[PDB]
Ligand SMILES: [Ca+2]
Ligand SMILES: [Ca+2]
């Protein structure tokens, strides 16, 4: 076995506590090099001649190139040292520890998780563990008050095709007026893109962090939304853009006028004076050469304190969480402290980040609760929509992203299909609803938090920005109530099947030919196996089902009962059909 | 090449800044597996059509199983994305990125270091980079004040062989009287084991954090010691026992008297009252069943604040840093805040921890400045002392550990040859002074901060505790002035050769048969080579030396001037003789 491909670390995503006396440990190895992984451990202060504890690490999954083994160590003393006993195909015994590899245990040394502090056990809000988030782009969701529509607002019709500068008048009132609809669907939370006062159309260049932009509504209106949403069981998540402020931001304005003599000169990253010029920026800004968005020096305590105050303000209005924008550019110190604050005001406030790359440094538990799961979108798009990859490959990408962070994070990653910055998934599937349904079926049964982009639930289509931001279709006649009802059912099943919300994920079957993928969600004794026939052909499949997990299963989508014989389940899936088999326990 | 054995991450010890605009990158792969590692990178927002910047990753070293490539990235934007270009022994090329591996650059994906904030750049005290520390065992260094000796103190003589309950009267006053000696030796700091009010002999069970143990002196004397030491260019480091307190601790005693009625019961970990019993305890303690050492709940704001105040008090007295004890058992949050307090009070205050296992998590730059290099000792014991490992193996251990943490930490690790909890190194050398001397030569020229155990410089000997805690030999005729002068010369050389304090390390030669090891420390244009012939026989060797690094060398220890001919250097070493070649640049 290739010893240089085996990996572990007493930290990060490979060693972390799930409670004060339970330590989870993961081990990576060349796919196929290890067939049996066991952990021998003991208290760190245990006598040398003491009997070691045993814990078998079951194989948690495999990806494109590696195998991952996982074990749960019981540590009543909250202190543990451990060494891996890896067994290969030809029965070779190799010990693995901090010192390195060796046929003799003692020479391998041992890994150590010094101590488990409860304040360091990754914890996220309970409602978010079984939530269903709904993204709302205010300007295009619903116009509840025409009195606030800016000049040039265009007609609200299904045949309307937005342009970069188009205006439809969507506002908060609109949302309040539609909560009944959103309640019917079963969404548990609403996620709003920036909606704070700004002079631009997109509102990412914050003019006043303490006020709702006039075109969307006012503070009194926002409070009404918060409450009305709250009694329907819907939480509110606001989008915070702390990485940079807008060029209308009061503090920035003082710099544009007082320059060097500005009480806030150190609140930003300014090269030299005069403070500005057209087409040329002499101060750091968002991305590259964007004068409207001067970068904020979050490292500056005064800046820190203001942003925190901004945070305090809106949490006082009763919001439930924040989706951080371009957070990976704000110092960790800030986020570590932001968390501390946000949680102190409301232990149940959610903190979701947006980072387009391995976000581990932010998902250890002392910073964000989760991040947008773009890896999930890439995988479902290339698998369900374009077909660039087959089911077995789909399985790989899926497994790899999953082993990225600790389980507490994986469970609350937002699984999006699209957003206001990309084309609508139905478009991605080329108008093929049969494909859309299977992907939605997956989205609703996989590990993570399902996020629905406004309108997709009733069949809205569209190209990328700005064709993805078309006016919400409210004409019951123009809506795909068929698809809508589909979401309802799925959201329903996900709320009653504890396994779909808080269970683990283990691949069940993968076939590059049949392009059929199946996985099993498990929590306690309940098992729910999802089978995806991503192929336009009626197919039969024989699945392995060890009798231990049950002898009878129910397909929650058809009520059809399927029985297993001698460890096998014969399933017949119509073109692009998905099955949700509950073990009834 | 075997891709499953190649490793990298956009964080930790494999990706970190060294400046606000410079990012170091490390990559490892199977030994011999890769021949060229290039880093192609650009700003995170750079246009897809722009050319990528190139960066050559030199092989920073290699251990028993891996090769380590390291490169430096120039990021003027403080934002960078990059991909690796790896070539095998057969010229086959492949890109390595976050996405995975591919012959195509784009399909490899790209690693990303989102942003480099100045507050996150690992920064350690400048004086610590070129320091030489002397570990003082208060009770056994010098007795300047007979009136404060503990009852039953024994005669201070060379033939004395300490026992567990022995006493000799060493105290702070003694250290003061001997400050001239330390100054002559050349030490720039003193490390004191615990010296705070405690009922026991060892003083690890803190009774009073704010007072010096009467047998050692009092605050006035401590102030005097700090001042007399400072004027001599010597700093003061105290040992902080924050993981647990003594059972005589004002807080613990209160709970002991009032049980659940005490306002300090939540400062400890108690399962049920009343609180007390011998060999058995109803409260968590350091290690296993140690009544006199109840664990402090450092997670508690009150407990946190007290120790932080305790710190303030001593720093107000003028100390230069702390040695944390069992630091790996207190929460990280505590340690991060400790650092902020400490540096705000004195940016040049050192924070050294003691972890007996991979300490990376505490060495990212937001916690400790470095830790004791227990690894160094291990390699030195087995290499120079017992000879259990040969020069090539020694090479591996040394190299592997070097790559364990970020260069800023690696550079300041405390490299000890022994301690008060171990036998003296000379004894480990079975009394062989040649074996001992050669080790000191390596210690005084290798990467990290040399830590001299009191008396080792004059040839003290002894088995592990308590025989290593014999009273310091002060009678000049009874001291080994040869050894002493040896340390002095090596210590003086280390201060003049910038390479020896601020230079990197590269293996120069490793011969398992001749048991000769050589390395070179480099900074700017200066190169200093160290050749150690760890054999009791006269040996001759041919070292490589391309004319680029010079053709002339000087043995700083002997003054002998050697010359390289045709890129080769002829060296003749005497038994256990070491050579320090300075290229005079
Ligand atoms: Ca409106
Ligand atoms: Ca004394």
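We place every Cβ from the backbone using ideal geometry, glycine too, and count neighbours over all the protein chains shown. Numbers and lists here come from the model and the stated rules, or from a named source; none is laboratory data.
For region B:121-158, which positions are away from ligand 2 (no atom under 11 Å from the Cβ) and over 29 Å from residue B:320 (Cα atoms)?
Hits for region B:121-158 are B:151, B:152, B:154, B:155, B:157, B:158.
How many residues does region B:484-510 hold that are more than 23 Å from the chain's Cα centre (by Cα) and under 23 Å from residue B:433 (Cα atoms)?
1
Yes/no matrix, rows are residues, columns are (1) touching a strand residue (DSSP E or B) at 6+ places or on another chain (Cβ under 6 Å); (2) surrounded by 17 or more Cβ atoms within 10 Å (Cβ to Cβ); (3) under 19 Å from residue A:395 (Cβ atoms):
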residue	(1), (2), (3)
A:428	no, yes, no
A:435	no, yes, yes
A:461	no, yes, no
A:467	no, no, no
A:472	no, yes, no
A:483	no, yes, no
A:487	no, yes, no
A:515	no, yes, yes
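More than 30 Å from residue B:418 (Cα to Cα) and out of contact with any helix residue (DSSP H, G or I) (no Cβ under 9 Å at 6 or more places or on another chain) - does that describe any residue in region B:129-143?
Initially, region B:129-143 is screened for residues more than 30 Å from residue B:418 (Cα to Cα), giving none.
No, region B:129-143 contains no residue that is more than 30 Å from residue B:418 (Cα to Cα) and out of contact with any helix residue (DSSP H, G or I) (no Cβ under 9 Å at 6 or more places or on another chain).
Considering only region A:74-104, state which residues are more than 14 Å from chain B (Cβ to nearest Cβ) and either buried (at least 21 other Cβ atoms within 10 Å of the Cβ) or under 25 Å from residue A:116 (Cα atoms) (or both).
Within region A:74-104, A:74, A:84, A:85, A:86, A:95 qualify.
Looking at region B:110-134, which of its residues are touching a strand residue (DSSP E or B) at 6+ places or on another chain (Cβ under 6 Å) and within 24 Å of residue B:497 (Cβ to Cβ)?
Across region B:110-134, the qualifying residues are B:125, B:128, B:131, B:132, B:133, B:134.
Give the residue, chosen from B:522, B:572, B:540, that is under 19 Å from residue B:446 (Cα atoms) and not assigned by CATH to the domain that holds residue B:133.
B:522 is the lone residue from the list that is under 19 Å from residue B:446 (Cα atoms) and not assigned by CATH to the domain that holds residue B:133.
Residues B:118, B:161: which one is touching a residue at least 60 places away in the same chain (Cβ under 8 Å), away from ligand 2 (no atom under 16 Å from the Cβ), within 14 Å of chain A (Cβ to nearest Cβ) and surrounded by fewer than 16 Cβ atoms within 10 Å (Cβ to Cβ)?
B:118
In region B:180-209, what residues are more than 23 Å from residue B:126 (Cα to Cα), more than 16 Å from ligand 2 (Cβ to nearest atom) and either surrounded by fewer than 18 Cβ atoms within 10 Å (Cβ to Cβ) or not assigned by CATH to the domain that holds residue B:452 (or both)?
Within region B:180-209, B:180, B:181, B:199, B:200, B:202, B:208 qualify.
Among the listed residues B:10, B:71, which satisfies the condition of being outside any strand (DSSP E or B) and either within 10 Å of chain A (Cβ to nearest Cβ) or under 28 Å from residue A:405 (Cα atoms) (or both)?
None of the others qualify; the one that does is B:10.
What are the residues in region B:203-229 that are assigned to a loop (DSSP other than H, G, I, E, B), closer than 24 Å to residue B:243 by Cβ and in contact with a helix residue (DSSP H, G or I) (Cβ under 9 Å, 6 or more places away or on another chain), if any?
B:203, B:207, B:209, B:210, B:211, B:212, B:213, B:215, B:216
Only one of (1) in contact (Cβ under 8 Å) with a residue 24 or more places away in the chain; (2) within 30 Å of residue B:450 (Cα to Cα) is not met by residue B:291, so which one is it?
Single failed check for residue B:291: (2).
Out of A:307, A:345, which single residue is in the same structural domain as residue A:189 (by CATH) and under 17 Å from residue A:206 (Cβ atoms)?
The match here is A:307.
All but one of (1) closer than 30 Å to residue A:447 by Cα; (2) near ligand 1 (Cβ under 10 Å from one of its atoms) hold for residue A:180; state the number of the condition that does not hold.
With (1) closer than 30 Å to residue A:447 by Cα; (2) near ligand 1 (Cβ under 10 Å from one of its atoms) applied to residue A:180, the lone miss is (2).
Within region A:286-326, how many residues are in a strand (DSSP E or B) and within 11 Å of chain B (Cβ to nearest Cβ)?
Total satisfying the criteria: 1.
Let's see how each residue does on (1) within 22 Å of residue A:301 (Cα to Cα); (2) more than 8 Å from every other protein chain (Cβ to nearest Cβ); (3) out of contact with any strand residue (DSSP E or B) (no Cβ under 6 Å at 6 or more places or on another chain):
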{"position": "B:328", "(1), (2), (3)": "no, no, yes"}
{"position": "B:332", "(1), (2), (3)": "yes, no, yes"}
{"position": "B:343", "(1), (2), (3)": "yes, yes, yes"}
{"position": "B:346", "(1), (2), (3)": "yes, yes, yes"}
{"position": "B:352", "(1), (2), (3)": "no, yes, no"}
{"position": "B:357", "(1), (2), (3)": "no, no, no"}
{"position": "B:360", "(1), (2), (3)": "no, no, yes"}
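Please specify each residue of region A:217-250 satisfying the condition of being within 16 Å of ligand 1 (Cβ to nearest atom) and out of contact with any strand residue (DSSP E or B) (no Cβ under 9 Å at 6 or more places or on another chain).
A:217, A:220, A:224, listed by residue number.
Which residue pairs have Cβ atoms closer than 6 Å, lie 6 or more positions apart in sequence or on different chains, and pair a first residue in region A:138-152 that is without any contact (Cβ under 8 Å) to a residue 60 or more places away in the chain with a second residue that is near ligand 1 (Cβ under 9 Å from one of its atoms) and part of a helix (DSSP H, G or I)?
A:143/A:174; A:144/A:173; A:144/A:174
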